[PDB]
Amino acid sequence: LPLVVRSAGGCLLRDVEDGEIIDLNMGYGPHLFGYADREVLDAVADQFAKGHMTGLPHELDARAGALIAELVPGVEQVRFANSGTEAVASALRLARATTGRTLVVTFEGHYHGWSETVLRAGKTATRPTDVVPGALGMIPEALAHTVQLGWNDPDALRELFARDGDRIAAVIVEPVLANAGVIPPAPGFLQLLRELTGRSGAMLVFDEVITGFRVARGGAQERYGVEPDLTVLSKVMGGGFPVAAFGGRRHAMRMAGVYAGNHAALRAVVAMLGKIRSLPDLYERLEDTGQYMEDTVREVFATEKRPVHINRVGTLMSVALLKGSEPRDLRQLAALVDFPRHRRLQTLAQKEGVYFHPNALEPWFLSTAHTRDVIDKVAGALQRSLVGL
């Protein structure tokens, strides 16, 4: 159903018909405080007025670095990049270079950007251990040093380290899977990853492009009490300004895009991380928004006797209509979901003034602008939609 945006503010889109739509997708993750956040955008505009890109060292560099180090426990030094994809590629090159090894371990459904060595077919994928290129025109050996396992399968993971631990440069992982449903790690799973990588000499890389500053102030790292060797950040960090980073403790960081680290980007980081740092109860409040939305949506689906799957970590949340007839991975979750009907539901909800992505595996990203009154409206819209389904 065609939706062309004219403007956006808070949790609202205005389309080109001047229709207004409550947005549950929120641009895929960066907008913790909603669209058109003035504290952030005043700072970024100000930096445009004062020089946004000189390619030279700037006072802001040390401030953005210090705020990330402060809020993210496992980060002490950071290198900036222009995207998540770039930060991932650099982190993985660092791990290969640092360990003298080539193999990188991924999990099925986990998405780490479009770079040549990690771009796998995810949802478009056969078995979880098959490594299938995610785009046409990649070189034949693109993935020849990349391996894949099912998310939350400790036995396969132990087997792989027993066989090949000596060859593994890194394990990269969305600590909470947020690109193929929202699927938290099974209990002990992150700790097992940390133990196996530590024992083998492999670097553990948390891709926190989504989870960072979202599931807790210090990300999944802080929330689950497991510290990786490298952390990739983006999205919330810059408030939706294109910027990203990777970092780690000094030991891990011992060893390039021209836009990487430009002044407006770092200003956005300073304003966004500054704003978060000044709101010590922010994550308790986000948690309450998340809870209220989850309860509301559940009630509406239970009331229309439509089975639904909902996983939530804070304001990160997947909502999926189930077939008329706890998943630990993408295969298990996808097998339960009624994709066609969920698309139909999305069409209907959009007509009622609520936008979520039509693919039931694309999560919702709530913000402080999703107030109790906004959520009550979403409920009415969803109920009106379900009745029409």
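Residues carry their position along the shown sequence, with the first being 1.
In the deposited entry, the stretch joining residue 139 to residue 140 is continuous, with no residue of the deposited sequence left without coordinates. The entry shows a gap from residue 325 to residue 326, with 4 to 9 unmodelled residues of the deposited sequence in between. Taking only CA atoms, the mean B-factor in the PDB entry is higher for 178-186 than for the other of 178-186 and 84-92.
Per the PDB record, of the two stretches 361-369 and 12-20, 12-20 carries the greater mean B-factor over its C-alpha atoms. Of the residues listed, 196, 271, 220, 293, the entry assigns the biggest Cα temperature factor to 196. As recorded in the entry, 123 carries the highest CA temperature factor of 312, 112, 120, 123.
Ranked within its chain, residue 33 lands in the middle third, by CA B factor from the PDB record. Per the PDB record, residue ranking by Cα B-factor puts residue 253 in the highest third of the chain.
When the modelled residues of the chain are ordered by their C-alpha B factor, residue 341 lands in the lowest third. Ranked against the other modelled residues of its chain, the C-alpha B-factor of residue 77 as given in the entry falls in the highest third. For residue 213, the recorded CA B-factor ranks within the lowest third of the chain. Only modelled residues enter the ranking.
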